[PDB]
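This is what each chain is made of:
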Amino acid sequence: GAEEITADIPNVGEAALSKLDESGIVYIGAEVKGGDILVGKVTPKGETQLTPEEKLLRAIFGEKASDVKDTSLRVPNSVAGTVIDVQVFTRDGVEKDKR
Amino acid sequence: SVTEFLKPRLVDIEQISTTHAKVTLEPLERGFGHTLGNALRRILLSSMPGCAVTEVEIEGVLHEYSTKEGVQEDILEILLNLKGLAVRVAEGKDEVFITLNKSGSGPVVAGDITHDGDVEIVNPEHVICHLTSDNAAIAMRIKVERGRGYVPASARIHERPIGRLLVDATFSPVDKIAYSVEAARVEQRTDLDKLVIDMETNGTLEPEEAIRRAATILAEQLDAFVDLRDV
Amino acid sequence: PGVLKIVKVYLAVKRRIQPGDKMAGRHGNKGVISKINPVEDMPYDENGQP
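(A) Up close: the overall build of chain C. When its secondary structure is counted, chain C shows 0 helices and 3 strands. Taking 50 residues into account, the globule formula puts the C-alpha radius of gyration at 10 Å, and chain C, at 21 Å, lies well above it. With respect to the three principal axes, the spread of C-alpha positions in chain C is 70 × 25 × 15 Å. Going through the 50 residues of chain C one by one, you find that 10% of them count as buried. In the form shown here, chain C has an accessible surface area of approximately 4,400 Å², with 52% of it arising from carbon and sulfur atoms. Both charge centroids of chain C, one from 9 positive and one from 5 negative side chains, sit 25 Å from each other.

(B) Expanded view of the environment of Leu17(A). Residue and element names in this part refer to chain A. Mapped onto the elements of the fold, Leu17 is located in the loop between β1 (4-5) and β2 (31-32). Along the chain, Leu17 and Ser72 lie 55 residues apart, while their C-alpha atoms are 12 Å from each other. Excluding anything up to four places from it in sequence, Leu17 contacts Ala7 and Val12.

(C) Spatial organisation of a nonpolar patch on the surface. All names here are of chain A. Judged by side-chain polarity, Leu56, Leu57, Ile60 and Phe61 come together as a nonpolar surface patch covering roughly 440 Å² of accessible area. Relative to the helices and strands, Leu56 resides in helix α1 (residues 52-60). The exposure class of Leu56 is exposed, given its relative accessible area of 53%.

(D) Main features of the sheet that holds strand β1 (residues 9-17) of chain B. Residues and elements named next belong to chain B. Spatially, the 4 strands line up as an open sheet ordered β1-β2-β14-β13, and their pairing is antiparallel. Looking at strand neighbours, the two that pair on one side only are β1 and β13 (174-183), the edges of this open sheet. Within this sheet the neighbouring strands show an average axis-to-axis angle of 20 degrees, counted without direction. The pairing of strand β2 (residues 20-28) with strand β14 (residues 193-201) spans 7 bridges and is classified as antiparallel. Each bridged residue has a counterpart across the sheet, and for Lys22 the counterpart in β14 is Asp198. Strand contacts of helix α1 (residues 32-46): β2, β13 and β14, with the helix running at about 175 degrees to β13, the strand carrying the most contacts. Where helix α3 (residues 207-226) meets the sheet, it contacts β1, β2 and β14, and its direction lies at approximately 135 degrees from that of β1.

(E) Just the interface of chain B and chain A, in detail. Counting residues at the interface gives 5 residues for chain B, matched by 8 residues for chain A. Summing both partners gives a buried area of about 550 Å² for chain B against chain A, and 66% of it is carried by carbon and sulfur. When the buried surface of chain B facing chain A is broken down by residue, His63(B), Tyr65(B) and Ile162(B) rank first, second and third, together holding 68% of it. At the boundary of chain B with chain A, the tally comes to 0 salt bridges. Put simply, chain B and chain A have 0 residue pairs in polar contact between them.

(F) Structural context of the interface of chain C and chain A. With 11 residues of chain C at the contact, the number on the chain A side is 24 residues. Interface area for chain C against chain A, summed over the two sides, is near 1,600 Å², with a carbon-plus-sulfur share of 64%. Contact with chain A buries area across many residues of chain C, yet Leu4(C), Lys5(C) and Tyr10(C) alone supply 40% of it, more than any other trio. Linking chain C with chain A are 1 salt bridge, by the criterion used here.

Thresholds, definitions, all that
Residues numbered from 1 in each chain as written, not as in the entry; some residues may be left out. Chains lettered and ligands numbered in written order. Part of a larger assembly, values for the part shown. Heavy atoms only, no water. Helix = DSSP H or I, 4+ residues; strand = E, 2+ residues; numbered from the N terminus. Rg over C-alpha atoms; globule rule 2.2 N^0.38 Å. Buried < 20%, exposed > 50% of the residue type's maximum accessible area, 1.4 Å probe, protein only. Areas by Shrake-Rupley, 256 points an atom, 1.4 Å probe, with all protein chains shown as cover. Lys, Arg positive; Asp, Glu negative; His and termini not counted. Charge placed at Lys NZ, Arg CZ, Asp CG, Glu CD. Contact = heavy atoms within 4.5 Å. Patch = residues over 30% accessible without salt bridge, like charges linked within 9 Å, V, L, I, M, F, W, Y side chains within 5 Å. Salt bridge = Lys/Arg side-chain N within 4 Å of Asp/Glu carboxyl O. Pairing = 2+ DSSP bridges. Axes fitted to C-alpha atoms, helices over the stretch in contact; angles between N-to-C directions. Buried area = accessible area lost by both parts, 1.4 Å probe. Polar contact = N/O pair within 3.5 Å; in protein donor to acceptor, adjacent residues only side chain to side chain.

So, to be careful, I would describe these as geometric facts and stop short of saying anything about function.
In structure tokens:
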């Protein structure tokens, strides 16, 4: 399918989404450190085989949300700075997000 | 006698300028002038408390690497200029907020900062920024904190709203210290010396007070040796 | 071809001097900083300027 730039990043809490806007792009002027999410992107993934131990673990606790995988842009390690400019390039024929 | 020494006293204080002074300690025995002078110079240059700007908030500014209309200087230059602000905060308060609003063309200086009467600006002529238009306006909220030593912005332990700008703070008010040991004419003895300490500061700290804090620190550290035991 | 969107983010980093940085003059005299000495330890003249 088509990869989407959205803030709905699986297995990530609202602590890491504070600097992100509704469209999933970091604000301008945000103090970001290593490992912080700048742009939130989710990639579609196919069916993945689960080991029998993992199947039992899912049987006990029913949590399972793995429709998409987290492939998002993150600040490189040992790099700390401020976001001073963000530029979005969209292909002709693709809907423009709010940002 | 030989066992008993003579204790120095603070005999003269001279204020050549607001940021320059000389303090005289007299009398001193042989060799004690250099010892006390070096100890006091090292303590004064390292461990003197002060007040410094830590956080700035400018309306319409999101980050330091930006520009504001009608201002010749960038926000980085304004913060660097704010780093040189000499502020004295009344005792009992370790945190204060001051406010600077100015409109119209001209040099925005430290004398235009509105305080609460518990904050004294020692250098009212310090140029903070320049407004190059009659329509230009500046509105800033400055945070002044009491501290000791040098605390960079990164060293501060980590919500902080976007628009609050961290400033590296050098709290120590002492800039330069020199000391000279000269001859002193006391009674009939010649071995007695006199210690003159030249202090160049930002004007926040009084010379006598700084001398007493340095002596207190030295005595408190010496108390461990005065009562040497295995701990 | 095949690309839908691109997002570019610019990060500004203030890098301060530290041991390991290479400092040099204009006469071929290069070196690596070994220690950030305190001001009191540094040599000073008769006027107290270190």
